[PDB]
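Asks: Sharing a structure below in structure tokens format, with a few things to ask.
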Amino acid sequence: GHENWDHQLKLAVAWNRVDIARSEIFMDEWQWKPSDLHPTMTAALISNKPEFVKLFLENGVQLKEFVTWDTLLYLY
Amino acid sequence: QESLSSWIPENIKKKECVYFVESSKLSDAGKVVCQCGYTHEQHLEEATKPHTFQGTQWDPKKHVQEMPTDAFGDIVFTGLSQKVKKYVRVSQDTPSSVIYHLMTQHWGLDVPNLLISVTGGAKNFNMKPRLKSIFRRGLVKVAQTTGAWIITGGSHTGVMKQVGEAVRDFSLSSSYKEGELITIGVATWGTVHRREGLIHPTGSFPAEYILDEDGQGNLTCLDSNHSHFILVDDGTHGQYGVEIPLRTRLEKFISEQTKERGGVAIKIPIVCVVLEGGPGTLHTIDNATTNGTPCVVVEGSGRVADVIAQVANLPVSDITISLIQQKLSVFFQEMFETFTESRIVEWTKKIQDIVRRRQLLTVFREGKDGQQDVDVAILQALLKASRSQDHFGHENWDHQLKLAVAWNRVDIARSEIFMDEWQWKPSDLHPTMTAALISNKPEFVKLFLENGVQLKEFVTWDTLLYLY
Amino acid sequence: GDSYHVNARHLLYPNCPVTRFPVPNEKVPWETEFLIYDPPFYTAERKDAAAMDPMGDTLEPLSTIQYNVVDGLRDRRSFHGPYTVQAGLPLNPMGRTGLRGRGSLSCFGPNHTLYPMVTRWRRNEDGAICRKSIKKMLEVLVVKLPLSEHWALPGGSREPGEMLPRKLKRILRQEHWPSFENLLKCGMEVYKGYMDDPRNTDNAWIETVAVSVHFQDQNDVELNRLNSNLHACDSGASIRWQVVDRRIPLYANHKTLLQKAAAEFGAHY
Ligand SMILES: Nc1c2nc(Br)n3c2nc[n+]1[C@@H]1O[C@H](COP(=O)(O)OP(=O)(O)OC[C@H]2O[C@@H]3[C@H](O)[C@@H]2O)[C@@H](O)[C@H]1O
């Protein structure tokens, strides 16, 4: 399956630097749905990393569909 | 919107089959196919009738019939974007004036100043990053500053995806006038993956369309970044290329219409920019150069493009069949093995007829020489193509000026129209100036005042009544 | 890169704390002169017992079996050709391995085993064949044992001939229905002969048969019986279908079989 392109993103968000994930992870050849971008975004929301939030908002996650009830309990 | 909803099924027709003749070759998992096999055992939406005879080998126009169309409306992509995209279903043969009336009147589109028709390879491919960035920035720049329509295939694969990503980059920028970049896509009604959700008569005004890439058969999905959709229908599910006889007719009907603003009036110019391509792309290039439409071919990242980019500089008699086959083998390298020796004579004949028109074709030459930008290259190619036209008198150097003032940009008219070799009297500069005075373009006024029009002699009584 | 048995030339022979002689690409074939070749003589401790060959210390005259011929219960004859014999010891037909002795294999020469592969198409939600860019998709039924950390084809050692279908599938498939699937196991062949392995010495190597049973239709047929023959786990962890890809997580040499298998149908890679 496509767990590898998810795992590279979790690695690049674990490191603080964002230019690496911009340069090669989001450049080409994944064809991902934005829903699968959801669980790392939560981590990027928790650890106060606004640049990754800006990158994911640019790449197409909808904030209306993302924030639901149970994830609001998890964020609080 | 309700007037549009009344207007569309009264004017537009669609095709549908009425006669069920079973096919010899059973399709993959859809073995019952009645020579179109749309969705039943019988390729029909009519009563199962003997129809007084069993006509074998069902003649296409003699079998199918036209009816009112139901698939029209507005569409949204489920979870990718929140904007709305208009879309409609038309038949294979409609008068193009009906489609133009639908586009300008009811959909709410003004007359375009330029018509760009991008064509390329439908098969997916990859390209160099710097040329990709230059191509995206240049195409977005020219279509933004001109106010031009972009017409393409409405599919998710190939060059249409790259044009969609360029439009998506501009919508990511989104500085001003998002409605300036409109892009229409013309696709076959049969080869749409989730087309059953679209069919709802009397108006499917919010229509949710889901897409799943790689979860489909030979039929493909629509692109998401396109803004308008025209889906032509023959009534045949398993076929490619029904949109090709309609696209040339629609573009050629648009290219006689006259957009008149102020005093001046022009005819809308049409240019096509081509990428990697295939055999149909080469046939499209030849069909365009026969009519007189200029072409811009980008060097690099292409099979058919980089054939023409290499062979263009050599003279026409120096092109030989063995040279063409040798360059074909190094660029294709798999299809070249599958290609016959009887098609390569047709290909070298078509390439010789294409390169024989030296004026209408322009090669990109990315990076090396003349590579200032894509937009100035497209504009220079279009102005050279209008210069090469036959003319009685000096109407051509006037017509290039009316074109360059119709587009807002002034550097093009400064760079080549006023550079050399016209020797014009300033009085003949008079009627375009009025237009440049009306549409609030101060830069053209400054240019004409620099180039020598006298304001004391220009402003007279009748032109003062005209300006008021 | 020359097509050599680089997985056998691999240093540090498995499950034995011994190293082998360095054999570079010039040194590999038996024809070329290599004077300093000193392969250590090593055999496993459990290779002196029963069923398996007593030729682990074959300097003695206990080496008396028939070579490149079926010597009784052990059909010691190569699929590739008549192997050369030196001092009553067979040599590897593909080249030097840098390790002398019997190793962990059963007998000298080749050790005949079987790997069958079952292939089917991949359908969508509607039931039509899914596609990559040009080619189509294939699915194969693979099994993971709880102590391998590697998915593998369901093929075992062919110490019996026709019961090696059942010997591969005794813990996996069935007992009664396994003979029924062994009746259906007569399909099409892909590749027979030498196969790369880390358990290969200069004297013992692995030769295999690669039969390919295929399912064309993905509806109701023999497949319902193959899914109905599921008595999946007796001493195995998991067993399931899997979509083909180059990045398929599998045993190391077994992908070399699938690269020969997908050519027989036209899939992607
Ligand atoms: N719109 C399409 C189109 N959509 C699909 Br899914 N196909 C298409 N082929 C042609 N066109 C139009 O025709 C023009 C020329 O296409 P070309 O000659 O470069 O196509 P090749 O790369 O040789 O074939 C690609 C495969 O995809 C199929 C084809 O049937 C074929 O099986 C395109 O710009 C486009 O506007």
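So the sequence lines, in the order shown, correspond to chains A, B and C.
Start counting the first sequence at 448; every next residue gets the next number (the entry's author numbering).
Start counting the second sequence at 56; every next residue gets the next number (the entry's author numbering).
Start counting the third sequence at 1235; every next residue gets the next number (the entry's author numbering).
Think of the CB as a built atom: it goes at the ideal place given N, C-alpha and C, for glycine as much as any other residue.
Tell me, to the nearest whole angstrom, how far the beta carbon of B/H161 is from that of B/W62; I am working on the premise that it is less than 8 Å.
Replies: Counted from its first residue, the second sequence places residue 161 of chain B at position 106. Counted from its first residue, the second sequence places residue 62 of chain B at position 7. Confirmed, about 6 Å.
Asks: For A/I493, does the count of other Cβ atoms within 10 angstroms reach 16, so buried, or fall short, so exposed?
Replies: In the first sequence, counting from the first residue as 1, residue 493 of chain A sits at position 46. By the neighbour-count rule (16 or more Cβ atoms within 10 Å), A/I493 is not buried but exposed.
Asks: What does the Cβ neighbour count give for B/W204, buried or exposed, with the cut at 16 atoms within 10 Å?
Replies: Sequence index remark: in the second sequence, residue 204 of chain B carries index 149 (1-based). In summary, B/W204 is buried, with 16 or more beta-carbon neighbours lying within 10 Å of its beta-carbon over all protein chains present.
Asks: Going by DSSP, which residues form a beta bridge with B/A221?
Replies: In the second sequence, residue 221 of chain B corresponds to position 166, counting from 1. According to DSSP, B/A221 bridges with nothing at all.
Asks: Is there a C-beta anywhere in chain B that falls below 8 Å from the one on C/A1362?
Replies: The residue given as residue 1362 of chain C occupies position 128 in the third sequence. In terms of beta-carbon proximity, C/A1362 lines the interface with chain B, with at least one pair separated by less than 8 Å.
Asks: Could you compute how far the alpha carbon of B/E392 sits from the alpha carbon of B/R358?
Replies: Locating residue 392 of chain B in the second sequence gives position 337, counting from the first residue. Locating residue 358 of chain B in the second sequence gives position 303, counting from the first residue. Cα-Cα distance, rounded: 14 Å.
Asks: Should B/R144 go down as buried or exposed, given a rule of 16 or more other Cβ atoms within 10 Å for buried?
Replies: Taking the first residue of the second sequence as 1, we reach residue 144 of chain B at position 89. Per the 10 Å Cβ criterion, buried.
Asks: First and last residue of the beta strand (DSSP E) that includes B/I285?
Replies: Here residue 285 of chain B is taken as the residue at index 230 of the second sequence, counted from 1. Segment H283 to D288, the beta strand (DSSP E) holding B/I285.
Asks: Closest by CA to B/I254, which one among B/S78, B/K196 and B/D129?
Replies: Along the second sequence, one-based indexing puts residue 254 of chain B at 199. Considering only alpha carbons, the answer is B/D129.
Asks: By the three-class DSSP mapping on this structure, what secondary structure does B/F499 have?
Replies: Here the question's residue 499 of chain B lines up with position 444 in the second sequence. The answer is helix: DSSP assigns B/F499 an H, G or I state.
Asks: Give the DSSP-derived three-state secondary structure of B/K183 in the structure shown.
Replies: Start at 1 with the first residue of the second sequence, and residue 183 of chain B comes out as number 128. Three-state result, B/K183: coil.
Asks: Under 9 Å, CB to CB, which of the residues in the region 105–137 of chain B have a partner in chain A?
Replies: Those would be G134, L135, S136 and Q137, in chain order.
Asks: Quick check: the region 279–291 of chain B against the region 327–343 of chain B, are at least 3 beta-carbon pairs closer than 8 Å?
Replies: no
Asks: Compute every distance between the C-beta of B/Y295 and the non-hydrogen atoms of ligand 3, then say whether any falls below 7 Å.
Replies: As for ligand 3, it is missing from this structure, which binds only ligand 1.
Asks: Determine which residues share a DSSP beta bridge with C/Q1476 and list them.
Replies: To locate residue 1476 of chain C, count along the third sequence from 1; it is residue 242. Under DSSP, C/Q1476 shares a beta bridge with C/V1374.
Asks: Counting only C-beta atoms, is B/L227 closer than 8 Å to chain A at any point?
Replies: Residue numbering aside, residue 227 of chain B sits at position 172 when the second sequence is read from its first letter. B/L227 counts as touching chain A.
Asks: Could you check which residue in C/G1500, C/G1332 and C/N1463 has the C-alpha nearest to that of C/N1241?
Replies: Against the third sequence, residue 1241 of chain C aligns to sequence position 7. Considering only alpha carbons, the answer is C/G1332.
Asks: Give the single residue among B/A360, B/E96 and B/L157 whose Cα lies nearest to the Cα of B/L81.
Replies: The residue labelled residue 81 of chain B in the question sits at position 26 within the second sequence. The candidate whose alpha carbon is nearest that of B/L81 is B/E96.
Asks: Shortest alpha-carbon distance to C/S1472 belongs to which of C/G1421, C/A1438, C/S1382 and C/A1496?
Replies: For the purposes of this step, residue 1472 of chain C is identified with residue 238 of the third sequence, where counting begins at 1. Cα-wise, what sits closest to C/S1472 is C/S1382.
Asks: Give, in chain order, every unbroken run of the beta strand (DSSP E) that is at least 3 residues long and sits entirely within the region 355–437 of chain B.
Replies: 416–418
Asks: Short check: CB of A/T489 to CB of A/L456, under 8 Å?
Replies: One-based indexing of the first sequence puts residue 489 of chain A at position 42. One-based indexing of the first sequence puts residue 456 of chain A at position 9. Cβ distance not < 8 Å, so A/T489 and A/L456 don't count as in contact.
Asks: Using a Cβ-based criterion (distance less than 7 Å to any ligand heavy atom), does B/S228 qualify as near ligand 1?
Replies: Here the question's residue 228 of chain B lines up with position 173 in the second sequence. Every heavy atom of ligand 1 is 7 Å or more from the Cβ of B/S228, so no.
Asks: Could you tell me whether the Cβ of A/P486 comes closer than 8 Å to any Cβ of chain B?
Replies: Numbered from 1 along the first sequence, position 39 holds the residue referred to as residue 486 of chain A. Judged by the 8 Å Cβ criterion, A/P486 is not in contact with chain B.
Asks: If we count the other Cβ atoms within 10 Å of its Cβ and call it buried at 16 or more, is B/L286 buried or exposed?
Replies: Working through the second sequence from its first residue, we reach residue 286 of chain B at position 231. Looking at its Cβ environment, which holds 16 or more other Cβ atoms inside 10 Å, B/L286 is buried.
Asks: For the structure I just gave you, are there three or more beta carbon pairs, one from the region 124–143 of chain B and one from the region 170–183 of chain B, closer than 8 Å?
Replies: Inter-segment contact for the region 124–143 of chain B and the region 170–183 of chain B is absent: fewer than three beta-carbon pairs are separated by less than 8 Å.
Asks: Check the Cβ of A/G448 against every Cβ in chain B and list those closer than 9 Å, keeping chain order.
Replies: Here residue 448 of chain A corresponds to residue number 1 of the first sequence, with the count starting at 1. Under the 9 Å cutoff, chain B gives no residues; its nearest Cβ is about 13 Å from A/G448.
Asks: I believe C/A1495 touches C/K1369 by the beta-carbon criterion, under 8 Å. Please report the beta-carbon distance rounded to the nearest angstrom.
Replies: Looking up residue 1495 of chain C in the third sequence gives position 261. Looking up residue 1369 of chain C in the third sequence gives position 135. With a Cβ gap of about 13 Å, C/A1495 and C/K1369 do not count as contacting.
Asks: For C/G1427, list the residues DSSP reports as bridge partners.
Replies: Position 193 of the third sequence holds residue 1427 of chain C. C/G1427 pairs with C/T1442.
Asks: So, are the CB atoms of B/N168 and B/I406 less than 8 Å apart?
Replies: To locate residue 168 of chain B, count along the second sequence from 1; it is residue 113. To locate residue 406 of chain B, count along the second sequence from 1; it is residue 351. Going by C-beta atoms, B/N168 is not nearer than 8 Å to B/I406.
Asks: Residue 1206 of chain C bridges to which residues according to DSSP?
Replies: As displayed, chain C neither begins before 1235 nor continues past 1503, which places residue 1206 of chain C out of reach and without an answer.
Asks: If you scan the region 1251–1336 of chain C from start to end, which runs of the beta strand (DSSP E) of 3 or more residues do you find wholly inside it?
Replies: 1275–1277, 1303–1305 and 1308–1310
Asks: Hey, out of A/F499, A/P497, A/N451 and A/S470, whose CA is closest to A/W479's CA?
Replies: Looking up residue 479 of chain A in the first sequence gives position 32. For A/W479, the nearest C-alpha among the options comes from A/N451.
Asks: Within the same chain, show all residues whose beta-carbon is closer than 8 Å to that of C/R1311, passing over the 5 residues directly before and after it, in chain order.
Replies: Here residue 1311 of chain C is taken as the residue at index 77 of the third sequence, counted from 1. Apart from the 5 residues on each side of it in sequence, C/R1311 sits with its Cβ closer than 8 Å to the Cβ of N1302, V1303, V1304, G1343 and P1344 in its chain, given in chain order.
Asks: Say whether chain C places a C-beta atom closer than 8 Å to the C-beta of B/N451.
Replies: Numbered from 1 along the second sequence, position 396 holds the residue referred to as residue 451 of chain B. So, not an interface residue.
Asks: Given that a residue counts as buried once 16 or more other Cβ atoms are within 10 Å of its Cβ, and exposed if not, what is C/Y1317?
Replies: Working through the third sequence from its first residue, we reach residue 1317 of chain C at position 83. That one is buried.
Asks: To be precise: take each residue of the region 258–279 of chain B, compare its Cβ to all Cβ atoms of chain F, and keep it if any distance is under 7 Å. Which residues remain?
Replies: Of the protein chains in this structure, namely A, B and C, none is chain F.
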